[PDB]
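Undergrad: Below is a structure I'd like to ask you about.
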Ligand SMILES: CC(C)(O)c1coc(S(=O)(=O)NC(=O)Nc2c3c(cc4c2CCC4)C=CC3)c1
Ligand SMILES: Nc1ncnc2c1ncn2[C@@H]1O[C@H](COP(=O)(O)OP(=O)(O)O)[C@@H](O)[C@H]1O
């Protein structure tokens, strides 16, 4: 709170510390040379850090070279955060060299709001077939777009891909990439969670998602759709998804004008014992009194199916 | 009102080009050397010299005539030049014969519908009057001798060329407006006659504009869509369709094909021979000979408005008028390119081909090359056979050998200014499409320089370079490119002869540089030299270049001057440089926006790479810290660096001790540059400290503009008296004083000094100083001096 000399003097001892496991440095404007000095500190064999969060650190593409060296040299790191640093597509291109290294043990990788574009996506694709320890990815709040999402997914469809909890919050997508996502759901057997909020998917996009959701080989255990700007036309598709998907166990429909008929049809679909859904949200809309009675009833006979219908 | 009826008359004249103009019209792309058509005459800057001088350039069939007629019709329809101008006039070179002297009154009367215009009323406000000169390629027939003939009377009857030349320089109606449309070939002299013009080039259709044109041509939407699809079936034809004339020809050909039942894919399959295939699909030897001779005599005589006498001479009769020709009696070709095509076809059915070879240049902007282009089109063995078997005629074959000899004449000549550009030669060699003779007549280009500005340029360059097999030096110009770079540089990796590749000043960008990097690292390429000055690169390209260096062992030198690589970019490069397989020898890094921080990394290179001989890191904010860091690690005698340079590095005497250590230790550090550094006399003394060392090897020491003085002057004397190895020097912009110069003289007098050059440029010495310098030059002539300012 106001540092190359500062960073050296502090982090020299941290490499010799054999007990440290988590290192938080969020919101510190330690700058890029400080991040470099931290990188020379970490890659010492003594340090036992398994966790490094660097949100809003003010880094840039320059630190990515050093971080790639750290990843290629250190086998104890588990997750890593880089949210809200202007890494850019070049920064991602630099990171992927370290990520693709056979000794990279990364599992959780945040890249939220890293000022990326679709161009970096191709490189990221290679990671999924070079690194198998990468379980969950978070590349939301970037101008990826349909081209980038398609590039990532087309290479992601391999069942050997180990990715689980991808997220594309506020990626500016539409229904075009939904076919690729459908292919991913049809093929992958480990892609459990998936986020899509603030994307203009539309009812056509939801139908395209349903195309792969109904697949008997599906494994999706959640599908966020908040603020997707949906409508009541693909509502039969929602009914079909609930009636046939025995694996999906959560959902989100916030800021989606579905209409009273849709809510009551959701209710009557949920009534039967053939649905294993265990959570659902309808936050922030204006429903009807009959709708409220139906929701209260369904909560009454089955208490497991939690709803956040109240705004 | 007079303007209203005049506008109605010119609307009636320019309604059609027959076929309606506006309905078939499609927008074009133009850029000032995009500039909107409504934004022509207002000055972008408030201090523009008279805006009335704008010149237009474009290819054959680009639409200069169509643009002129479209702007005239807009002025006739109430669209443009209503609140700005009031009168627009049309003048044509073909109609205005140069042999008959005329006046502006004649042109106005011809343009006015009424043969009795109010000449007194319409010659008072030239600001609202714009004169259009289209097809300027028929005016400079005597400008090379009529430079000093000037006419300023609007009613005076003087030769058309002289009067128009008077109009151009803004002296006859100087405040009136002018709009000239020209071929870009021969503007070199015309710019002398121009008083602050604006040169605007016309580029033609884009993809959407092409689709719009096919929609506006065919009356059937489905047929237009099928034509569009088959155009995209052939990439070459789709690229060629950026010229509206080619679009018109292909649309007419497709119409003829589908009306007669012929398939449309055959047109797409036909490449580079649109005119010949179109003529064959449209359709006798006497007719062909007569039309060809008419075109040839029009070529010689610069005549387009043929009369009956020409047809009588050529044997052409009244029943010999076809679609290509036009009756108005007046005979005129519909479009000139057809006339040059017929003239080219003439010489294969004066018949001496040498007139095309040597009499080029007698006509401005060179109609002949275009002619000769179709010649390379027709002499193609398959195309020659097709012509013979489709017209039952015979084609001469010695013409091909004569064209070969002309190719070597063009390639090996000295006075290359008058000849057209080499890109025209590449257009010809792509037009012909005969592999073996392309290779044979193309092995005569060891060095290739081309400037590319369109898809046609890229395609012909790719084909030509792929055909090349013995080229050493190659340069490129991207004068306005990831797809462009891929299409070109894919072949360069397969080229086993290239050794030098110049790309300076091209704004190829960073992704283009990346694509170039994937092109180079292929094992096939034999490039030993890559210059990239002012390429506009950045730190991103450094990763790719480092990969290239670590993967390629044929590269020798490399230039990166004036790119904002930065210290991070240097950090990225050093990884490739430190690689054991890097064979770099010469590395320029001038003005790379570096700082001292990168210097440390550079130091490692000198002890990781031993092939790096000479370095040039001048014009950077390195400073004393960076220079000391570099030198302290450079002092090892095993370091192989020779010709380091630190021009304008902002140094002072602090780093001079480190430089002294380098000179004392290193045995290969021959040259060294220090200009524009505030070293001072203390710095020069510190340099002398190591200069006097018996182990020194410094063979030059530049000191220009170092801001020296006369206090360390004894040190200069000592350096000359003791250094037996130093053989050059520079002291420009250094106030040393007369005593210093004369002491330098007397020191140099003795035979113990082996200095072989010295400079004292740009100072104010004495008469005695000049006599001493002249004397020392007299007794020993080897010691050259540039003392004279
Ligand atoms: C060097 C430079 C800039 O390309 C140039 C210099 O001079 C000229 S031009 O004025 O001769 N115009 C043309 O050749 N147009 C033209 C072209 C193609 C095909 C045709 C034509 C005319 C009919 C068929 C293909 C590319 C250009 C152009
Ligand atoms: N703006 C345009 N819209 C539609 N067609 C055009 C346009 N410009 C040129 N053309 C085509 O080009 C032909 C005329 O070319 P022209 O303007 O005489 O070339 P240049 O101006 O180089 O002499 C016509 O047949 C027409 O089909």
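Sequential numbering from 1, following the chain as shown.
Cβ coordinates come from backbone N, Cα and C, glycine included.
This is the feature table in Swiss-Prot:
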- B:592: S-palmitoyl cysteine (LIPID)
- B:593: S-palmitoyl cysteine (LIPID)
- B:599: S-palmitoyl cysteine (LIPID)
- B:713: S-palmitoyl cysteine (LIPID)
- B:554-574: repeat 'LRR 3' (REPEAT)
- B:640-661: repeat 'LRR 6' (REPEAT)
- B:725-746: repeat 'LRR 9' (REPEAT)
- B:187-191: motif 'KFERQ-like motif 1' (MOTIF)
- B:398-402: motif 'KFERQ-like motif 2' (MOTIF)
- B:553-557: motif 'KFERQ-like motif 3' (MOTIF)
- B:746-750: motif 'KFERQ-like motif 4' (MOTIF)
Undergrad: In the structure shown, which of the recorded sites B:592, B:593, B:599, B:713 has the fewest Cβ neighbours within 10 Å?
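TA: Taking B:592, B:593, B:599, B:713 as the recorded sites, the minimal 10 Å Cβ count falls on B:593.
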Undergrad: Whole-number Å distance between the CA of residue B:593 (S-palmitoyl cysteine) and the CA of residue B:599 (S-palmitoyl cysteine)?
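TA: Residue B:599 (S-palmitoyl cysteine) has its Cα 12 Å from the Cα of residue B:593 (S-palmitoyl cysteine).
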Undergrad: Would you mind listing the long-range same-chain contacts of the motif 'KFERQ-like motif 4' (B:746-750), meaning Cβ under 8 Å and 6+ residues beyond its ends?
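TA: For the motif 'KFERQ-like motif 4' (B:746-750), the sequence-distant neighbours (Cβ-Cβ under 8 Å, at least 6 residues beyond its ends) are 716-717, 720-721, 758, 776, 779-780, 783.
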Undergrad: Please list the DSSP helix, strand and coil residue counts for the motif 'KFERQ-like motif 1' (B:187-191).
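TA: Its residues fall into 2 helix, 0 strand, 3 coil.
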Undergrad: Rounded to the nearest angstrom, how far is the Cα of residue B:599 (S-palmitoyl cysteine) from the Cα of residue B:592 (S-palmitoyl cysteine)?
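TA: Just about 12 Å between their Cα atoms.
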Undergrad: Please state whether DSSP places residue B:713 (S-palmitoyl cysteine) in a helix, a strand or coil.
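TA: DSSP call for residue B:713 (S-palmitoyl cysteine): helix.
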Undergrad: Could you tell me the C-alpha distance between residue B:599 (S-palmitoyl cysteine) and residue B:713 (S-palmitoyl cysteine) in angstrom, no decimals?
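TA: Rounded to a whole number, the Cα-Cα distance is 32 Å.
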Undergrad: Can you tell me the three-state DSSP label for residue B:599 (S-palmitoyl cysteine)?
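TA: Helix, per DSSP.
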Undergrad: What counts of helix, strand and coil residues does DSSP assign across the repeat 'LRR 3' (B:554-574)?
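TA: Counts, helix then strand then coil: 9 helix, 3 strand, 9 coil.
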